[PDB]
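Q: Here's a structure for you.
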Amino acid sequence: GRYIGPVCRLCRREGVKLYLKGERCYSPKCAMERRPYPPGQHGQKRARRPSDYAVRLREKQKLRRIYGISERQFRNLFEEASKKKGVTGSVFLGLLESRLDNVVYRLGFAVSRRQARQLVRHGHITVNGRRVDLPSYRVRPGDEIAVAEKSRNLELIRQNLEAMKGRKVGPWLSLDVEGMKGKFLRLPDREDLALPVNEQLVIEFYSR
Amino acid sequence: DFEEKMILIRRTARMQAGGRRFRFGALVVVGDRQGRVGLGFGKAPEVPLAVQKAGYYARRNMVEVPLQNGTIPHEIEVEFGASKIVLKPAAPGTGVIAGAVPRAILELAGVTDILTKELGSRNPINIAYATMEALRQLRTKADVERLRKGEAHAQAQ
Amino acid sequence: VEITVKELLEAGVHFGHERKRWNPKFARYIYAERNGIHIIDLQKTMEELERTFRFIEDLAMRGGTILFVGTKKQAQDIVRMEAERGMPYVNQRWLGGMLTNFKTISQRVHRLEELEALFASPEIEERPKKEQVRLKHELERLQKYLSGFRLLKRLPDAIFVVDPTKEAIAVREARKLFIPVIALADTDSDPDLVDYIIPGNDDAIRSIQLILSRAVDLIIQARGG
Amino acid sequence: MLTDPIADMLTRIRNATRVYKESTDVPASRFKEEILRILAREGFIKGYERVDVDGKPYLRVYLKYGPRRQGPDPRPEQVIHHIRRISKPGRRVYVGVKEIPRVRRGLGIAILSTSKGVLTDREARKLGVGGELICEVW
RNA sequence: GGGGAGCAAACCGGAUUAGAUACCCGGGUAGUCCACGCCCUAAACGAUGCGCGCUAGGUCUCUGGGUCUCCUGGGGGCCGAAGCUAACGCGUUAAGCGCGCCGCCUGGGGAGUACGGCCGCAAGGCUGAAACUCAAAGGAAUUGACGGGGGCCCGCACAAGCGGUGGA
RNA sequence: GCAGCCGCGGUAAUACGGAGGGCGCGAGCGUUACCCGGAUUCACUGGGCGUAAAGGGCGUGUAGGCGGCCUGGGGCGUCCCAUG
Ligand SMILES: [Mg+2]
Ligand SMILES: [Mg+2]
Ligand SMILES: [Mg+2]
Ligand SMILES: [Mg+2]
Ligand SMILES: [Mg+2]
Ligand SMILES: [Mg+2]
Ligand SMILES: [Mg+2]
Ligand SMILES: [Mg+2]
Ligand SMILES: [Mg+2]
Ligand SMILES: [Mg+2]
Ligand SMILES: [Mg+2]
Ligand SMILES: [Mg+2]
Ligand SMILES: [Mg+2]
Ligand SMILES: [Mg+2]
Ligand SMILES: [Mg+2]
Ligand SMILES: [Mg+2]
Ligand SMILES: [Mg+2]
Ligand SMILES: [Mg+2]
Ligand SMILES: [Mg+2]
Ligand SMILES: [Mg+2]
Ligand SMILES: [Mg+2]
Ligand SMILES: [Mg+2]
Ligand SMILES: [Mg+2]
Ligand SMILES: [Mg+2]
Ligand SMILES: [Mg+2]
Ligand SMILES: [Mg+2]
Ligand SMILES: [Mg+2]
Ligand SMILES: [Mg+2]
Ligand SMILES: [Mg+2]
Ligand SMILES: [Mg+2]
Ligand SMILES: [Mg+2]
Ligand SMILES: [Mg+2]
Ligand SMILES: [Mg+2]
Ligand SMILES: [Mg+2]
Ligand SMILES: [Mg+2]
Ligand SMILES: [Mg+2]
Ligand SMILES: [Mg+2]
Ligand SMILES: [Mg+2]
Ligand SMILES: [Mg+2]
Ligand SMILES: [Mg+2]
Ligand SMILES: [Mg+2]
Ligand SMILES: [Mg+2]
Ligand SMILES: [Mg+2]
Ligand SMILES: [Mg+2]
Ligand SMILES: [Mg+2]
Ligand SMILES: [Mg+2]
Ligand SMILES: [Mg+2]
Ligand SMILES: [Mg+2]
Ligand SMILES: [Mg+2]
Ligand SMILES: [Mg+2]
Ligand SMILES: [Mg+2]
Ligand SMILES: [Mg+2]
Ligand SMILES: [Zn+2]
């Protein structure tokens, strides 16, 4: 299925912080905070210089891992993004960011992207008044992304929206904290997303 | 103060009665990712020493690539010995779609989008040189206009 | 101080080489051939000597050093004395590298500055009488080859060579380093390699003697006195 | 024997330039002189002049170069870097308008023979016509 | 069919050599020669198809013409501009820049083999594979090593000596 | 025993076998077979033949291919427009 398994670890293979976890990825526990080397017997030993493949590969993985997502779903989007009029490097991220699983997390309903996928799949999410539970559903602009009237009372739902007390939400989005609704306004331009990815390397990895 | 890259490192043999005797060769690129790149091939008897050498040479052999918005001003094809490179400029978000060598050279030039094929001999060193020579040769509806009008330029501009 | 078309004839400046040795590129500087030898158009020589002297002058006026070069047995003592009156010169052997490998050559300068240092010194009478002579010999050669190079504390602003086809080592070096080349060029030479040309006899004393002096004359004219 | 006199013309210019000839003569022809007329406008040559060699019609092509260069080889940049015959006898090359090509991202010329004249790629594409694709230049 | 001095496959005899059954020597038939008819292959080589135009020069030579210091054609060589080349080299006798047309190539061995067809009196030739098998076969250039290759030089290395070992 | 290729294994195997650890994908992953690609390695785009494979042993010349300068007609090729 999607990847379940140990995560603060990919956090470590990519050598940067992926925020795959959640409340502690922010605390002095992400093991990036404690063991910034990669996992395994050998992560202590000095690295060999990467091959071009290596760097192209890893930059792909870093980006993909950030977003959850299977390679088959990933490659299929990069494919779709190339068929688009646009700058595919950017068009891609816009497409990624359009995922319900993601929109929800960015909205601040879920602590993390992983937790977000459940919130979706277990039916806790409204899209335009109706239920949606495919984490892959594509949110278009004008879409309203709410919490189910039912699931309004969850600890994490309420506990997370109380962090919204002092966060502010992405510039292409609008949150209705009290009403527990968010609206998807436009696609995020490249400059809005501030990921630690060199999208261009991803493109290059796929043109082999 | 540029980035350096390793195109390739090799070992090579002489001969003396009683043994092979070795020497090392390093192919090094040097760029500032905004239109200046130099290539150096240095040999010394020790590998890191060769690279030092190589790096020195690279900076003396420098070429100003006229980058036009991440890409090169027109297409171009250049032979060097057996080896031959073709550089077709490309649109945004295309990437350096180029082989092992040319990439390194192009990347450090400051190029981001470009099409490529190697052809003929694939030999690193000559492909290295063919590429550097290709870039040494690019011009601009600007560079070109001055060559052709030239002999009375500044009457129309 | 300029120069007369007449004075040039008297020098025998227009007497080229035989037709056998000959660079067709040089044709653009030839009147005709009489009895086997090409005769250099002085009407040209003169109009180039101008463009060329005009360069030499401003360069000097701005403080530039001009390296004079003549290996040929004819030139030597002319290059020498002319240089001195105030530039550097090479007149014994052109040591390959003097320009492009300038550093490790000028290294040899500090060696003789330091052996000069050692012979004015007490510390010399120390060394065994064998190293003593063998050190005077080291010094001696260095003075031979370097007595004019040792004035160059950095690459010349231009080099002025007598006979470019003899010297095209020196010349090659200059062009690789983007130093302007000036030469007294005969018919045997690629004029394309000479940034500032003077076509005319690169062979006779009476010819070089004239050119080099008027050059140098012009130099210390435009150095204030 | 001579079979392509336009090849011959182009190639005369090519070989000339590589030796930095100031000028070369080419046996005349209404057609060739048209191609030259084009090359003139676009600045690849200073111009041509019609002359007479032994009472034979010729065309003096006056070539144009770059400026002298420093470094150890000072032979000027070419202005006609590359001239090349496309439609040849024994394989003609006709192009429809939406198939007339672009030479060096707009930096070069393709010379076309059309029922409306001898046109440059741009001149032809403006008059909305195509024809025989003679040569390319840059 | 004619001719046959000299030469000389095979073959005969002498030597050499571990053995020669070859290299050396003495003989010697075909053949080499002429005519006529066949054969039609070659390192049939410039290992470079023909024709035409264009792109510095120097020098040597055979051979024409001129107002024959020199100029101007056509050959044959050497050296070289530009250029070309993997290099060696080529370089107005192109292997440079171009157009026309023909022939040919597409990994090594198998193999110029097999089969078929054509020619041939014959010997045989032209045309011409695959199965299989290898992972190379190749070209030029570099360093070295070696040569019953060359050149110059040295060591009690030989020679010139004096004295020994090998025998007891 | 591995082995697509170059190769690995003859007592220190990052190449066999097991283990730990890692990488890559994930209800799938590998293998074999076949097509296209890479293969400008049949080269129209886009290759060659002095020595790498490659100029016919040389000529004559048939079909065919190709062919100087000026002017004019035809408009087959060719090009443009409208329409099916
Ligand atoms: Mg592909
Ligand atoms: Mg430029
Ligand atoms: Mg080639
Ligand atoms: Mg563009
Ligand atoms: Mg190849
Ligand atoms: Mg290969
Ligand atoms: Mg001389
Ligand atoms: Mg059509
Ligand atoms: Mg008989
Ligand atoms: Mg016998
Ligand atoms: Mg006998
Ligand atoms: Mg006999
Ligand atoms: Mg005639
Ligand atoms: Mg003659
Ligand atoms: Mg001749
Ligand atoms: Mg030669
Ligand atoms: Mg050359
Ligand atoms: Mg010719
Ligand atoms: Mg060829
Ligand atoms: Mg075959
Ligand atoms: Mg085979
Ligand atoms: Mg055969
Ligand atoms: Mg045979
Ligand atoms: Mg045969
Ligand atoms: Mg048979
Ligand atoms: Mg029969
Ligand atoms: Mg035959
Ligand atoms: Mg060999
Ligand atoms: Mg020897
Ligand atoms: Mg003795
Ligand atoms: Mg004795
Ligand atoms: Mg005894
Ligand atoms: Mg295995
Ligand atoms: Mg393995
Ligand atoms: Mg193992
Ligand atoms: Mg395990
Ligand atoms: Mg595992
Ligand atoms: Mg193909
Ligand atoms: Mg072709
Ligand atoms: Mg080939
Ligand atoms: Mg052979
Ligand atoms: Mg061959
Ligand atoms: Mg032949
Ligand atoms: Mg043959
Ligand atoms: Mg016919
Ligand atoms: Mg016809
Ligand atoms: Mg015709
Ligand atoms: Mg007509
Ligand atoms: Mg008509
Ligand atoms: Mg009509
Ligand atoms: Mg018609
Ligand atoms: Mg048509
Ligand atoms: Zn984490």
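Please note: Cβ atoms are built from the backbone with ideal geometry, for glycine as well, and neighbour counts cover all protein chains shown. Every number here is computed from the coordinates shown, using simple stated rules; none is lab data.
Q: So which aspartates and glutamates can A:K60 reach, going by Cα to Cα under 13 Å and dropping same-chain residues fewer than 8 places off?
A: A:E14, A:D52, A:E71, A:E199, A:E204
Q: Within 10 Å of each Cβ in peptide B:145-151, how many partner chain Cβ atoms are there on average? Round it to a whole number, please.
A: Rounded to a whole number, the mean comes out at 5.
Q: For B:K117, list long-range residues whose amide hydrogen, built 1.01 Å from N in the peptide plane, is under 5 Å from its own amide hydrogen.
A: Correct list: B:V86.
Q: Next question, about the same structure. Kirkwood hydrodynamic radius of the protein assembly as shown from all distinct Cα pairs, in Å?
A: It is 33.1 Å.
Q: What per residue convex hull volume, in Å³, comes out for the stretch D:81-138 when only alpha-carbon positions are used?
A: Expressed per residue, the convex hull around the Cα atoms of the stretch D:81-138 is 72 Å³.
Q: Next up: I need D:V79, D:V93, D:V19, A:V202 ordered by Cβ neighbour count within 10 Å, fewest first.
A: D:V19, D:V93, D:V79, A:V202
Q: Rounded to the nearest 10 degrees, what's the angle between the helix B:100-109 long axis and the longest principal axis of chain B, both from Cα atoms, 0 to 90?
A: The two axes meet at around 50 degrees.
Q: For the peptides A:187-199, A:155-167, what is the packing order when you average, over each peptide's residues, the other Cβ atoms within 10 Å and list the highest mean first? Mind showing how you got there, number by number?
A: Values: A:187-199: 15.1, A:155-167: 12.4.
Going from most to least packed, we get A:187-199, A:155-167.
Q: Determine which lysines satisfy two conditions relative to C:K129: a Cα distance under 22 Å, and not lying fewer than 8 residues away in the same chain.
A: Once the sequence-local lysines are set aside, nothing remains near C:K129.
Q: Give me the inter-chain shielding for A:196-205: mean count of other chain Cβ atoms within 10 Å, whole number please.
A: Counting Cβ atoms of other protein chains within 10 Å of each residue's Cβ and averaging gives 3.
Q: Follow-up question, since we're still on this one. Along the charge dipole of chain B, which of B:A58, B:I85, B:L115 sits closest to the positive end, that is, farthest toward it, with unit charges on the beta carbon of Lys, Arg, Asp and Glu (+1, +1, -1, -1)?
A: Result: B:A58.
Q: Quick one: Cα centre-to-centre distance for the stretch B:1-73 and the stretch A:1-79, in angstrom?
A: Each part's Cα centre sits 33 Å from the other's.
Q: Continuing with the same structure: Points 7 angstrom from Cα along the Cβ direction at A:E144 and A:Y53: gap in nanometres?
A: So the label points at A:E144 and A:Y53 sit 5.2 nm apart.
Q: Now a separate question. In vacuo Debye scattering of the stretch A:141-208, one point per C-alpha: log10 I(q)/I(0) at q = 0.27 Å⁻¹?
A: Each listed q corresponds, in turn, to -1.19.
Q: Here is a further query. Take the Cα atoms of the stretch C:107-213, build their convex hull, and give its volume per residue in Å³. Don't skip to the end; give the middle numbers.
A: Working: hull volume 15.0 nm³, N = 107.
Per-residue hull volume (Cα only) is 140 Å³.
Q: Enumerate the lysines that B:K43 could reach by cross-link, defined here as Cα to Cα under 25 Å, with residues fewer than 8 away along the same chain left out.
A: Hits, sequence-local ones excluded: B:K5, B:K53, B:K84, C:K103, C:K176.
Q: Next up: Amide H neighbours of C:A185 under 5 Å, counting only residues 5+ apart in sequence or on other chains, H built in-plane at 1.01 Å?
A: For C:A185, the qualifying residues are C:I198, C:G200.
Q: Of D:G90, D:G106, D:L59, whose Cα points farthest to the positive end of the dipole of chain D (charges on the beta-carbon: +1 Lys, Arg; -1 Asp, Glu; origin at the Cα centre)?
A: D:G106
Q: Can you compute the equivalent ellipsoid semi-axes for the stretch C:38-180, i.e. the square root of 5 times each eigenvalue of the Cα gyration tensor, sorted largest first and rounded to whole Å? Spell out each step's value before the answer.
A: On the way: eigenvalues 246, 48, 38 Å².
Largest first, the stretch C:38-180 gives 35, 16, 14 Å.
Q: Let me ask something additional. If each residue's Cβ is checked for other Cβ atoms within 10 Å, how do B:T140, B:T131, B:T12, C:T71 rank with the fewest at the top?
A: Sorted ascending by nearby Cβ count, the order is B:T12, B:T140, C:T71, B:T131.
Q: Could you tell me how far the Cα centroid of the stretch C:76-101 sits from the Cα centroid of the stretch C:159-181, in Å?
A: If you average the Cα positions of each part, the centres end up 12 Å apart.
Q: Once both labels are modelled 7 Å past Cα along the beta-carbon direction, what's the B:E151-C:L9 spacing in nm?
A: 3.8
Q: log10 I(q)/I(0), Debye, Cα-only the stretch C:95-146, no solvent, q = 0.22, 0.23 Å⁻¹?
A: -0.80, -0.84
Q: At q = 0.10, 0.16, 0.21 Å⁻¹, what log₁₀ I(q)/I(0) does chain D have when each alpha carbon counts as one equal point scatterer in the Debye sum?
A: Values, matching the q order: -0.35, -0.85, -1.31.
Q: In nm, give the distance between the simple-model label positions of C:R28 and C:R206, each being 7 Å from the Cα along the Cα-to-Cβ direction.
A: 3.0
Q: Right, next: Please list the non-local residues whose amide H lies under 5 Å from the amide H of B:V63, H modeled 1.01 Å from N, same-chain partners needing a gap of 5 or more.
A: Answer set, sorted by chain and number: B:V37, B:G38.
Q: Looking at the stretch B:1-49, which GluC sites (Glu not before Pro) are in a loop (DSSP not H, G, I, E or B) and have at most 16 other Cβ atoms within 10 Å? Please list the in-between numbers first.
A: Values: sites: B:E3, B:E4, B:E46; in loops: B:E46.
Hits after loop and neighbour filter: B:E46.
Q: Near D:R14, within a Cβ-to-Cβ distance under 12 Å, what is the net charge of the other residues, with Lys and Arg +1 and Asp and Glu -1?
A: So the surrounding residues net to +4.
Q: How about the stretch C:116-222: which GluC sites (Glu not before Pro) there are in a DSSP loop, with at most 12 other Cβ atoms within 10 Å of their Cβ?
A: C:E125, C:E126
Q: Here is a follow-up. What average number of partner chain Cβ atoms lie no more than 10 Å from the Cβ of the residues making up A:86-97?
A: 2
Q: Kirkwood Rh, chain A, all Cα pairs: how many Å?
A: 18.2
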